[PDB]
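K.L.:
The structure that follows is given in the form of structure tokens.
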Amino acid sequence: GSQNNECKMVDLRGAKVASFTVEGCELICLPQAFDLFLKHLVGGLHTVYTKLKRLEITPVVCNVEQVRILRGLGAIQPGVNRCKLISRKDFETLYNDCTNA
């Protein structure tokens, strides 16, 4: 299929996370990165979305195929049917805003 649906593990702050390259940009699984680095630092993906809006960052929406792959990889939980992706640079911007704004 199309290259945007091909997953690969990449490094993020010393950890491995799932990624898809969409529109020429390498994006990583937001919920997964959240669980790994902001689980307590902010507590709540709802807050992440709020901050992302303010930072003028609009996450890419995962298509059905990508969601299924992420669930299979354990990147997102079995009951999850929706997932968003953002660039590593944007995640760092988000991370900085949640911890050292």
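Under the deposited numbering, the first residue of the sequence shown carries the number 182, and numbering increases by one thereafter. Heads up, the beta-carbon is just placed ideally off N, CA and C, and yes, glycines get one too.
Going straight from the alpha carbon of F218 to that of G182, what length do you get?
P.N.:
Within the sequence shown, numbered from 1, the residue matching residue 218 stands at position 37. Within the sequence shown, numbered from 1, the residue matching residue 182 stands at position 1. Looking at the two C-alpha atoms, the distance is approximately 32 Å.
K.L.:
Beta-carbon within less than 6 Å of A196's beta-carbon, same chain only, minus the 5 sequence neighbours each way: which residues are those?
P.N.:
In the sequence shown, residue 196 corresponds to position 15, counting from 1. Taken in chain order, the residues that qualify are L217.
K.L.:
So what does DSSP say about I250, is it helix, strand or coil?
P.N.:
As a position in the sequence shown, residue 250 is number 69, starting the count at 1. Residue state, collapsed to three classes: helix.
K.L.:
Return the CA-CA distance between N277 and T202, expressed in angstroms with no decimal places.
P.N.:
For the purposes of this step, residue 277 is identified with residue 96 of the sequence shown, where counting begins at 1. For the purposes of this step, residue 202 is identified with residue 21 of the sequence shown, where counting begins at 1. About 23 Å.
K.L.:
With a threshold of 6 Å on Cβ separation, who are the neighbours of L254 within its own chain once the five nearest residues in sequence on each side are excluded?
P.N.:
Position 73 of the sequence shown, counted from the start, is the residue given in the question as residue 254. So the list reads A199, once near-sequence residues are dropped.
K.L.:
What do you get for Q258, buried or exposed, if any count of 16 or more other CB atoms within 10 angstroms of its CB means buried?
P.N.:
Within the sequence shown, the letter at position 77 stands for residue 258. When all chains shown are included, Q258 counts as exposed.
K.L.:
When DSSP labels each residue in this structure, what does residue 298 get in the three-state scheme?
P.N.:
This structure leaves residue 298 out entirely; the chain is present only between 182 and 282.
K.L.:
Quick one, are the C-beta atoms of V248 and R263 less than 8 Å apart?
P.N.:
Translated into positions along the sequence shown, residue 248 becomes position 67. Translated into positions along the sequence shown, residue 263 becomes position 82. A contact, by the Cβ cut-off of 8 Å.
K.L.:
CB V242 to CB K270, shorter than 8 Å?
P.N.:
As a position in the sequence shown, residue 242 is number 61, starting the count at 1. As a position in the sequence shown, residue 270 is number 89, starting the count at 1. No, they are not a contact pair.
K.L.:
Which residues mark the beginning and the end of the beta strand (DSSP E) in which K265 is found?
P.N.:
Here residue 265 is taken as the residue at index 84 of the sequence shown, counted from 1. Run containing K265: 265-268, per the beta strand (DSSP E) assignment.
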